[PDB]
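Dropping input-v5.txt in here (compact mmCIF, C-alpha atoms):
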```txt
# COMPACT_ATOMS: atom_id res chain seq x y z
CA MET A 1 74.19 -68.49 -114.74
CA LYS A 2 70.91 -70.01 -113.60
CA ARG A 3 71.50 -73.76 -114.07
CA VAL A 4 68.51 -76.06 -114.31
CA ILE A 5 68.40 -79.83 -113.95
CA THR A 6 65.83 -82.63 -114.50
CA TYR A 7 65.95 -86.41 -114.24
CA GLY A 8 64.31 -89.13 -116.32
CA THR A 9 64.63 -92.11 -118.66
CA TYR A 10 63.61 -90.38 -121.88
CA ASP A 11 63.31 -93.55 -123.93
CA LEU A 12 60.94 -93.24 -126.91
CA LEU A 13 60.69 -89.44 -126.95
CA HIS A 14 57.28 -88.09 -128.07
CA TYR A 15 56.91 -84.29 -128.37
CA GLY A 16 55.66 -84.48 -124.83
CA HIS A 17 59.20 -84.79 -123.52
CA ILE A 18 60.42 -81.97 -125.73
CA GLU A 19 57.79 -79.73 -124.20
CA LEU A 20 58.91 -80.59 -120.66
CA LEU A 21 62.58 -79.99 -121.53
CA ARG A 22 61.92 -76.68 -123.25
CA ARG A 23 59.88 -75.41 -120.30
CA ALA A 24 62.63 -76.59 -117.95
CA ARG A 25 65.42 -74.91 -119.91
CA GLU A 26 63.19 -71.86 -120.03
CA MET A 27 63.64 -71.40 -116.29
CA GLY A 28 67.37 -70.78 -116.51
CA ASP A 29 70.25 -70.29 -118.93
CA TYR A 30 71.55 -73.84 -118.93
CA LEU A 31 69.75 -77.20 -118.74
CA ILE A 32 71.18 -80.45 -117.45
CA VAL A 33 69.40 -83.75 -117.93
CA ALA A 34 70.31 -86.62 -115.66
CA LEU A 35 69.67 -89.57 -117.95
CA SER A 36 68.81 -92.82 -116.20
CA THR A 37 71.47 -95.43 -116.94
CA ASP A 38 70.28 -98.79 -118.17
CA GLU A 39 71.23 -100.36 -114.84
CA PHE A 40 69.18 -97.82 -112.82
CA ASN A 41 66.57 -97.87 -115.54
CA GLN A 42 66.26 -101.51 -114.53
CA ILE A 43 66.17 -100.53 -110.86
CA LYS A 44 63.21 -98.34 -111.78
CA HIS A 45 61.61 -101.50 -113.15
CA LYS A 46 61.94 -100.61 -116.81
CA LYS A 47 63.82 -102.04 -119.77
CA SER A 48 64.28 -99.10 -122.14
CA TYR A 49 63.87 -99.71 -125.87
CA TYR A 50 66.86 -97.47 -126.53
CA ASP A 51 70.10 -97.98 -124.61
CA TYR A 52 71.66 -95.24 -122.48
CA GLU A 53 74.08 -94.13 -125.18
CA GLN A 54 71.39 -93.81 -127.83
CA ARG A 55 69.05 -92.03 -125.43
CA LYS A 56 71.90 -89.72 -124.51
CA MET A 57 72.72 -88.93 -128.13
CA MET A 58 69.12 -88.01 -128.85
CA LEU A 59 68.81 -85.77 -125.81
CA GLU A 60 72.05 -83.98 -126.67
CA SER A 61 70.70 -83.24 -130.13
CA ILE A 62 67.84 -81.29 -128.55
CA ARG A 63 68.23 -77.48 -128.66
CA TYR A 64 67.16 -77.13 -125.06
CA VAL A 65 69.54 -79.71 -123.64
CA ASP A 66 72.94 -78.27 -122.58
CA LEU A 67 74.35 -81.32 -120.85
CA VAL A 68 73.39 -84.91 -120.15
CA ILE A 69 74.77 -86.71 -117.11
CA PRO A 70 74.13 -90.27 -115.96
CA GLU A 71 71.50 -90.87 -113.25
CA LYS A 72 72.82 -94.05 -111.62
CA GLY A 73 70.63 -94.13 -108.52
CA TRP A 74 68.00 -92.57 -106.28
CA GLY A 75 70.32 -90.81 -103.85
CA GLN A 76 72.56 -88.72 -106.08
CA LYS A 77 70.33 -85.67 -106.53
CA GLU A 78 71.46 -83.70 -103.49
CA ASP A 79 75.01 -84.41 -104.57
CA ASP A 80 74.39 -83.56 -108.23
CA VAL A 81 72.81 -80.23 -107.29
CA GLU A 82 75.98 -79.22 -105.45
CA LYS A 83 78.47 -80.85 -107.83
CA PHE A 84 76.97 -79.15 -110.88
CA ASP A 85 75.98 -75.89 -109.22
CA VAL A 86 72.29 -76.47 -109.98
CA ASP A 87 70.01 -73.53 -109.22
CA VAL A 88 66.67 -74.98 -110.28
CA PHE A 89 65.40 -78.55 -110.01
CA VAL A 90 62.56 -79.40 -112.40
CA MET A 91 60.37 -82.49 -112.72
CA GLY A 92 57.00 -83.40 -114.18
CA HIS A 93 53.79 -82.85 -112.23
CA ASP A 94 53.56 -86.54 -111.42
CA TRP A 95 56.50 -86.14 -109.06
CA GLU A 96 54.96 -83.31 -107.07
CA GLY A 97 56.21 -83.46 -103.49
CA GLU A 98 58.48 -86.42 -104.18
CA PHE A 99 61.66 -84.27 -104.11
CA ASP A 100 60.87 -81.40 -101.74
CA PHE A 101 63.89 -82.38 -99.67
CA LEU A 102 65.97 -80.54 -102.23
CA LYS A 103 64.12 -77.29 -101.52
CA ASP A 104 66.79 -76.30 -99.01
CA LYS A 105 69.55 -76.74 -101.62
CA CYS A 106 67.86 -75.28 -104.71
CA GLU A 107 64.59 -74.17 -106.28
CA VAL A 108 62.35 -77.20 -106.71
CA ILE A 109 59.71 -76.90 -109.42
CA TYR A 110 57.07 -79.37 -110.51
CA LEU A 111 55.70 -78.58 -113.97
CA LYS A 112 52.01 -78.66 -114.86
CA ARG A 113 51.01 -79.96 -118.31
CA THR A 114 53.52 -82.81 -117.95
CA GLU A 115 51.19 -85.82 -118.33
CA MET B 501 74.91 -69.24 -147.39
CA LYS B 502 75.00 -72.91 -148.43
CA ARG B 503 71.40 -74.08 -147.87
CA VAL B 504 70.75 -77.83 -147.50
CA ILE B 505 67.47 -79.70 -147.73
CA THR B 506 66.23 -83.23 -147.08
CA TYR B 507 62.81 -84.92 -147.18
CA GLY B 508 61.19 -87.59 -145.04
CA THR B 509 58.44 -88.56 -142.61
CA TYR B 510 60.56 -88.69 -139.44
CA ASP B 511 57.94 -90.35 -137.25
CA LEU B 512 59.28 -92.14 -134.21
CA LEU B 513 62.21 -89.75 -133.96
CA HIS B 514 65.39 -91.13 -132.54
CA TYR B 515 69.15 -91.03 -133.00
CA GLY B 516 69.44 -92.80 -136.42
CA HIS B 517 67.50 -89.82 -137.75
CA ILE B 518 69.62 -87.41 -135.77
CA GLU B 519 72.69 -88.91 -137.41
CA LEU B 520 71.38 -88.22 -140.92
CA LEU B 521 70.21 -84.72 -140.04
CA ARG B 522 73.52 -83.72 -138.44
CA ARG B 523 75.47 -85.07 -141.43
CA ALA B 524 73.11 -83.15 -143.71
CA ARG B 525 73.34 -79.86 -141.84
CA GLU B 526 77.08 -80.41 -141.81
CA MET B 527 77.23 -79.91 -145.58
CA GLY B 528 76.06 -76.31 -145.43
CA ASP B 529 75.15 -73.45 -143.11
CA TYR B 530 71.40 -74.00 -142.96
CA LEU B 531 69.27 -77.16 -143.03
CA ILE B 532 65.72 -77.41 -144.33
CA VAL B 533 63.61 -80.50 -143.63
CA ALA B 534 60.62 -81.10 -145.84
CA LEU B 535 58.34 -83.00 -143.47
CA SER B 536 55.83 -85.30 -145.13
CA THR B 537 52.31 -84.17 -144.31
CA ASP B 538 49.91 -86.74 -142.97
CA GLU B 539 48.01 -86.71 -146.26
CA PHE B 540 51.21 -87.34 -148.26
CA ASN B 541 52.10 -90.14 -145.85
CA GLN B 542 48.96 -92.02 -146.87
CA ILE B 543 49.97 -91.38 -150.47
CA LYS B 544 53.23 -93.22 -149.73
CA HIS B 545 51.30 -96.14 -148.16
CA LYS B 546 52.53 -94.96 -144.77
CA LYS B 547 50.67 -94.04 -141.56
CA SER B 548 52.60 -92.20 -138.87
CA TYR B 549 52.18 -92.63 -135.14
CA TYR B 550 52.84 -88.93 -134.62
CA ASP B 551 50.84 -86.38 -136.57
CA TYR B 552 52.55 -83.78 -138.79
CA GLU B 553 52.41 -81.02 -136.17
CA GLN B 554 54.01 -83.17 -133.48
CA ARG B 555 56.62 -84.51 -135.89
CA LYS B 556 57.32 -80.94 -136.95
CA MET B 557 57.75 -79.68 -133.38
CA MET B 558 60.20 -82.45 -132.60
CA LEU B 559 62.30 -81.82 -135.68
CA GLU B 560 62.37 -78.07 -134.96
CA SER B 561 63.74 -78.81 -131.50
CA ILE B 562 66.77 -80.50 -133.05
CA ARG B 563 69.91 -78.34 -133.09
CA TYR B 564 70.67 -79.33 -136.69
CA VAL B 565 67.27 -78.37 -138.08
CA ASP B 566 66.87 -74.72 -139.12
CA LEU B 567 63.51 -74.93 -140.86
CA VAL B 568 60.79 -77.47 -141.44
CA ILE B 569 58.47 -77.18 -144.42
CA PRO B 570 55.62 -79.45 -145.49
CA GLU B 571 56.23 -82.07 -148.18
CA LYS B 572 52.79 -82.42 -149.73
CA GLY B 573 53.69 -84.49 -152.77
CA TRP B 574 56.25 -86.18 -155.00
CA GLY B 575 56.66 -83.36 -157.51
CA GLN B 576 57.52 -80.33 -155.41
CA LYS B 577 61.26 -80.86 -154.98
CA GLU B 578 62.44 -79.01 -158.09
CA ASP B 579 60.14 -76.20 -157.06
CA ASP B 580 61.26 -76.27 -153.43
CA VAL B 581 64.93 -76.13 -154.39
CA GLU B 582 64.29 -72.94 -156.36
CA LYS B 583 61.77 -71.39 -153.97
CA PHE B 584 64.02 -71.89 -150.93
CA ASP B 585 67.29 -71.34 -152.75
CA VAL B 586 68.53 -74.82 -151.87
CA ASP B 587 72.19 -75.44 -152.66
CA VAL B 588 72.51 -79.06 -151.55
CA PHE B 589 69.94 -81.83 -151.61
CA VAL B 590 70.56 -84.70 -149.20
CA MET B 591 68.84 -88.06 -148.75
CA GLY B 592 69.64 -91.43 -147.24
CA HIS B 593 71.57 -94.11 -149.08
CA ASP B 594 68.36 -95.99 -149.80
CA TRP B 595 67.33 -93.28 -152.25
CA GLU B 596 70.51 -93.35 -154.30
CA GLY B 597 69.75 -92.42 -157.88
CA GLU B 598 66.07 -91.77 -157.22
CA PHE B 599 66.46 -87.96 -157.32
CA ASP B 600 69.36 -87.38 -159.73
CA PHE B 601 67.04 -85.27 -161.87
CA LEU B 602 67.73 -82.45 -159.41
CA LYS B 603 71.45 -82.63 -160.16
CA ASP B 604 71.05 -79.87 -162.75
CA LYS B 605 69.44 -77.57 -160.18
CA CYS B 606 71.54 -78.31 -157.09
CA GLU B 607 74.12 -80.61 -155.54
CA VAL B 608 72.48 -84.01 -154.98
CA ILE B 609 74.03 -86.12 -152.23
CA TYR B 610 73.12 -89.59 -151.02
CA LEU B 611 74.53 -90.37 -147.56
CA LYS B 612 76.22 -93.75 -147.21
CA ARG B 613 75.33 -96.47 -144.64
```
Produce C-alpha cells that represent the structure in this file.
Amino acid sequence: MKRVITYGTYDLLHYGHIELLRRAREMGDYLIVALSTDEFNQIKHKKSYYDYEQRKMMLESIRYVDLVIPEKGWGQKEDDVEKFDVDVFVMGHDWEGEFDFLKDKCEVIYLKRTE
Amino acid sequence: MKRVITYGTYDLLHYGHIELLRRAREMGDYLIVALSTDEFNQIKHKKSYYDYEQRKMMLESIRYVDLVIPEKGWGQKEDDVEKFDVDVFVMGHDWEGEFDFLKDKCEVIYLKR
C-alpha cells in the first residue's frame, strides 16, 4: 500500500485545495493529511477562520482524504513518515526544496499547479 | 435504489454544508445535489464567490455526493424528481413547508436545526 502524506492548514477550502489533495492521493492508494492544529497554526503566524475540528471534519468528508492527523509542530515530519509508514511526501510547489531532508526516508514530491 | 436530492448554492463550502449533505445521503443509497447555476443565483438575489464549475467540483469531491446537476430555476424540481427518479427530497429546516407540493411525487424531508 503506497501511503501518501501532505501537511497544511486547509482553512477556507477553495477548489484549489481539492485539486492538490486529489493529485496527492493520486500518487498512492491512501492519503494522509497532517492538519495544522490551531496552536501550531498560530505558530505559523495565522489565525484560521475555522477551528481545527471543523477543518478536520471538512477534510475527512473529501473523497481523496483517507486520514487526517494533527500537525502540532515543524519537527514531526520525519517521525510521522516512519510512524505512519508513509511512502510519498507531497507538498505544493511553493515548498519546493523546503523538505528535501525527507528524501532519504521517503519519496518527496512538490506539485506544480499548486498556486 | 433510494435516490435522494437536495438543492442549494453551496458557495463557501465548509462543514455545516457537509453535515446537511451527509444527513441527506444517509436517507438513501444515492445523493443528487442540484447546484444553483450562476445565472439562477442572480435570480435569487445572490452572488457567489465561487463560480458554478468550481462549486460543482468541490461538491463532487465530497464522499456523500453522488451526482451534481444544475439548478437553473425555481420550477424544475417536480421535473427533476421524475427525470432522475428521485425518491426523497431533502432541504434545510429553513425551507420547511416551502416545497410540500412535491409530497405527492416523493418523500419531502426538512432537516431540523
If the cut-off is 12 Å, can you tell me the residues of chain B near chain A, counting all atoms listed in the file? I'd like them as a PyMOL selection string. chain B and resi 510-522+549-566
Atom pair atom CA of residue 66 of chain A / atom CA of residue 31 of chain A: separation (Å):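 That distance, rounded to one decimal, is 5.1 Å.
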If we count only C-alpha atoms, what is near residue 4 of chain A at a cut-off of 7 Å, once residues fewer than 4 positions away on the same chain are taken out, given as a ChimeraX atom specification? /A:24-25,28,30-32,86-89
Set the distance at 6 Å and use all atoms listed in the file: which residues neighbour segment 110-115 of chain A once local chain neighbours fewer than 2 positions away are removed? I'd like the list as a PyMOL selection string. chain A and resi 90-93+96
Only C-alpha atoms, please: the residues just picked out, written as a PDB file, in the frame of the given file.
```
ATOM      1  CA  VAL A  90      62.560 -79.400-112.400  1.00  0.00           C
ATOM      2  CA  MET A  91      60.370 -82.490-112.720  1.00  0.00           C
ATOM      3  CA  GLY A  92      57.000 -83.400-114.180  1.00  0.00           C
ATOM      4  CA  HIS A  93      53.790 -82.850-112.230  1.00  0.00           C
ATOM      5  CA  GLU A  96      54.960 -83.310-107.070  1.00  0.00           C
TER       6      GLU A  96
END
```
With a distance cut-off of 8 Å and all atoms listed in the file, select the neighbouring residues of residue 509 of chain B, excluding the residue or stretch itself and same-chain residues fewer than 6 positions from it, and output the selection as an mmCIF file with C-alpha atoms, in the coordinates of the input.
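File result-v3.cif, as written:
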```cif
data_model
loop_
_atom_site.group_PDB
_atom_site.id
_atom_site.type_symbol
_atom_site.label_atom_id
_atom_site.label_comp_id
_atom_site.auth_asym_id
_atom_site.auth_seq_id
_atom_site.Cartn_x
_atom_site.Cartn_y
_atom_site.Cartn_z
ATOM 1 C CA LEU B 535 58.340 -83.000 -143.470
ATOM 2 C CA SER B 536 55.830 -85.300 -145.130
ATOM 3 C CA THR B 537 52.310 -84.170 -144.310
ATOM 4 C CA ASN B 541 52.100 -90.140 -145.850
ATOM 5 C CA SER B 548 52.600 -92.200 -138.870
#
```
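Between atom CA of residue 531 of chain B and atom CA of residue 20 of chain A the separation is 24.9 Å.
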So which residues fall inside 9 Å of (66.3, -76.2, -103.3) if we count all atoms listed in the file? Mind giving them as JSON, numbers by chain? {"A": [81, 86, 87, 88, 89, 100, 101, 102, 103, 104, 105, 106, 107, 108]}
Produce a file of the selected residues containing C-alpha atoms, as a compact mmCIF listing (two decimals), in the coordinates of the input.
```txt
# COMPACT_ATOMS: atom_id res chain seq x y z
CA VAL A 81 72.81 -80.23 -107.29
CA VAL A 86 72.29 -76.47 -109.98
CA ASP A 87 70.01 -73.53 -109.22
CA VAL A 88 66.67 -74.98 -110.28
CA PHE A 89 65.40 -78.55 -110.01
CA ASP A 100 60.87 -81.40 -101.74
CA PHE A 101 63.89 -82.38 -99.67
CA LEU A 102 65.97 -80.54 -102.23
CA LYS A 103 64.12 -77.29 -101.52
CA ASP A 104 66.79 -76.30 -99.01
CA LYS A 105 69.55 -76.74 -101.62
CA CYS A 106 67.86 -75.28 -104.71
CA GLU A 107 64.59 -74.17 -106.28
CA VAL A 108 62.35 -77.20 -106.71
```
Can you tell me how far atom CA of residue 607 of chain B sits from atom CA of residue 533 of chain B, in Å to one decimal?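 Atom-to-atom, atom CA of residue 607 of chain B and atom CA of residue 533 of chain B are spaced 15.9 Å apart.
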Name the closest residue to residue 99 of chain A among the candidates A:1, A:7, A:39, A:33; distances are taken between atoms, counting all atoms listed in the file. A:7
Counting only C-alpha atoms, which residues come within 12 Å of (56.1, -84.0, -154.9), with the point read in the file's coordinates, and could you list them as a PyMOL selection string? chain B and resi 507-508+534-537+540-541+543-544+570-581+599
Could you save the residues just selected, with C-alpha atoms, as a PDB file, in the coordinates of the input?
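Printed below is again02.pdb as written:
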```pdb
ATOM      1  CA  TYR B 507      62.810 -84.920-147.180  1.00  0.00           C
ATOM      2  CA  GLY B 508      61.190 -87.590-145.040  1.00  0.00           C
ATOM      3  CA  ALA B 534      60.620 -81.100-145.840  1.00  0.00           C
ATOM      4  CA  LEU B 535      58.340 -83.000-143.470  1.00  0.00           C
ATOM      5  CA  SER B 536      55.830 -85.300-145.130  1.00  0.00           C
ATOM      6  CA  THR B 537      52.310 -84.170-144.310  1.00  0.00           C
ATOM      7  CA  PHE B 540      51.210 -87.340-148.260  1.00  0.00           C
ATOM      8  CA  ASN B 541      52.100 -90.140-145.850  1.00  0.00           C
ATOM      9  CA  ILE B 543      49.970 -91.380-150.470  1.00  0.00           C
ATOM     10  CA  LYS B 544      53.230 -93.220-149.730  1.00  0.00           C
ATOM     11  CA  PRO B 570      55.620 -79.450-145.490  1.00  0.00           C
ATOM     12  CA  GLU B 571      56.230 -82.070-148.180  1.00  0.00           C
ATOM     13  CA  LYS B 572      52.790 -82.420-149.730  1.00  0.00           C
ATOM     14  CA  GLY B 573      53.690 -84.490-152.770  1.00  0.00           C
ATOM     15  CA  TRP B 574      56.250 -86.180-155.000  1.00  0.00           C
ATOM     16  CA  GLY B 575      56.660 -83.360-157.510  1.00  0.00           C
ATOM     17  CA  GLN B 576      57.520 -80.330-155.410  1.00  0.00           C
ATOM     18  CA  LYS B 577      61.260 -80.860-154.980  1.00  0.00           C
ATOM     19  CA  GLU B 578      62.440 -79.010-158.090  1.00  0.00           C
ATOM     20  CA  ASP B 579      60.140 -76.200-157.060  1.00  0.00           C
ATOM     21  CA  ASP B 580      61.260 -76.270-153.430  1.00  0.00           C
ATOM     22  CA  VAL B 581      64.930 -76.130-154.390  1.00  0.00           C
ATOM     23  CA  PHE B 599      66.460 -87.960-157.320  1.00  0.00           C
TER      24      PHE B 599
END
```
